[PDB]
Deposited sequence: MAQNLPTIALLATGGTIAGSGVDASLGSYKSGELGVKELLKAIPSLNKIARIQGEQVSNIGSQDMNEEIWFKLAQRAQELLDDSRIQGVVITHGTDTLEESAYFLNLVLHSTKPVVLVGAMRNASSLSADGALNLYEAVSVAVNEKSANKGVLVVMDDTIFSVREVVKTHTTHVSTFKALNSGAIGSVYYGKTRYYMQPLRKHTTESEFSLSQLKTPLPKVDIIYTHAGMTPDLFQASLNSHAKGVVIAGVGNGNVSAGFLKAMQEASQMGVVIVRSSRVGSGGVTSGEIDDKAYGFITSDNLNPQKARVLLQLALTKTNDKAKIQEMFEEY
């Protein structure tokens, strides 16, 4: 049987009222792979931070570099799973499958979703076709690419969706089928690597907008020495006149400003705002939290606005 490393971080999948505990609860896993489990952390994903991301990434890369390891499965809380998944997609250098999985119902709930989710996740990680597709997220019988996947609902077991594109494949009781290949750069084609990164990453805040908005929190972010700011703008990345004036002054001072959107789907374009006039960056179709991940990494490399915009076009 193929050897799979299972890296546990915590989350509702391990919620109750770590490894293993899991594996012990699903003996059928032993028919499809040899599992090498370890505990990376034991937290709710609401407490996920850079220190854990780096520990997780370093350990994953070490295992991926081992010729005896065929793939890696990571159990993770669902709340920030989309952020961890995108971070790993950009920093891991391997063609072997890396699969994140969680659960929306705690392990002792009636009709808990975790057991079958974990069973498919392992099935996807051992499949030959899962290679070279970047970091994957397997939830609710569906296979998503890391760039595209978002948590869309507070409580539904089907909360994960790819709002701009769609799922790249399906998995039903272990049977895996792919229909689509992601085109944006990932993993081995990424210019980012762990050996070139150090904690802390550059500070990047996210500012929310609404009717009657004022730039006071935006100014507070600048005062706190933010190196970049992602704006969750209204509609197509829009902001009030007063907000725009503050953004212009910030960008002139060398703070990198990214226009994203609070709406949840679709690309941000120039149009009502002339981004080239002020040196702003548009966040493609990434939501604010994924735009922050890419911007934090970009800022370790460069402050050049043209180069950063190119990264948003490629990743």
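Q: Numbering the deposited sequence from 1, which residue ranges have no coordinates here?
A: Holes in the chain trace, numbered from 1: 1 to 4, 22 to 34.
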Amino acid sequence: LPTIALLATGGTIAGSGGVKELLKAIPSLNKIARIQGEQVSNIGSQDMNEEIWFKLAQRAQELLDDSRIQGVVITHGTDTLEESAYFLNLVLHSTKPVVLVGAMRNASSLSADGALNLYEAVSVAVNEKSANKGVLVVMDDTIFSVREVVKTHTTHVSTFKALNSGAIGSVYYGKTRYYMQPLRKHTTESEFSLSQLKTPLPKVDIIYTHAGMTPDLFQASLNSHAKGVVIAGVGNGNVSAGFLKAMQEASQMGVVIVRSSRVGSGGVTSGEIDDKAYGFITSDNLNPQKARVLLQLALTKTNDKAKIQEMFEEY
From here on, numbers count along this sequence of modelled residues.
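Q: Between 107 to 115 and 144 to 152, point out the one with the higher average CA B-factor as the PDB entry records it.
A: Mean CA B-factor is higher for 107 to 115.
Q: Per the record, averaged over C-alpha atoms, which has the higher B-factor: 117 to 125 or 194 to 202?
A: In the deposited entry, the stretch with the higher C-alpha B-factor mean is 194 to 202.
Q: Comparing recorded Cα B-factors across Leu286, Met253, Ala246, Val263, which one is largest?
A: Highest C-alpha B-factor among the listed options: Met253.
Q: How does the C-alpha B factor of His210 compare with the rest of the chain: lowest, middle or highest third?
A: According to the entry, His210 has a C-alpha B-factor in the chain's lowest third.
Q: Based on the deposited C-alpha B factors for this chain, I'd like to know if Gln46 is in the lowest, middle or highest third.
A: It belongs to the lowest third of the chain when residues are ordered by C-alpha B-factor.
Q: By the record's CA B-factor, is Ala60 among the lowest, middle or highest third of residues in the chain?
A: For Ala60, the deposited C-alpha B-factor lands in the lowest third.
Q: Looking at the entry's B-factor column for C-alpha atoms only, identify whether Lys276 ranks in the lowest, middle or highest third of its chain.
A: It belongs to the middle third of the chain when residues are ordered by C-alpha B-factor.
Q: Within this chain's modelled residues, let me know which third the CA B factor of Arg184 belongs to: lowest, middle or highest.
A: Answer is lowest: the recorded C-alpha B-factor places it there.
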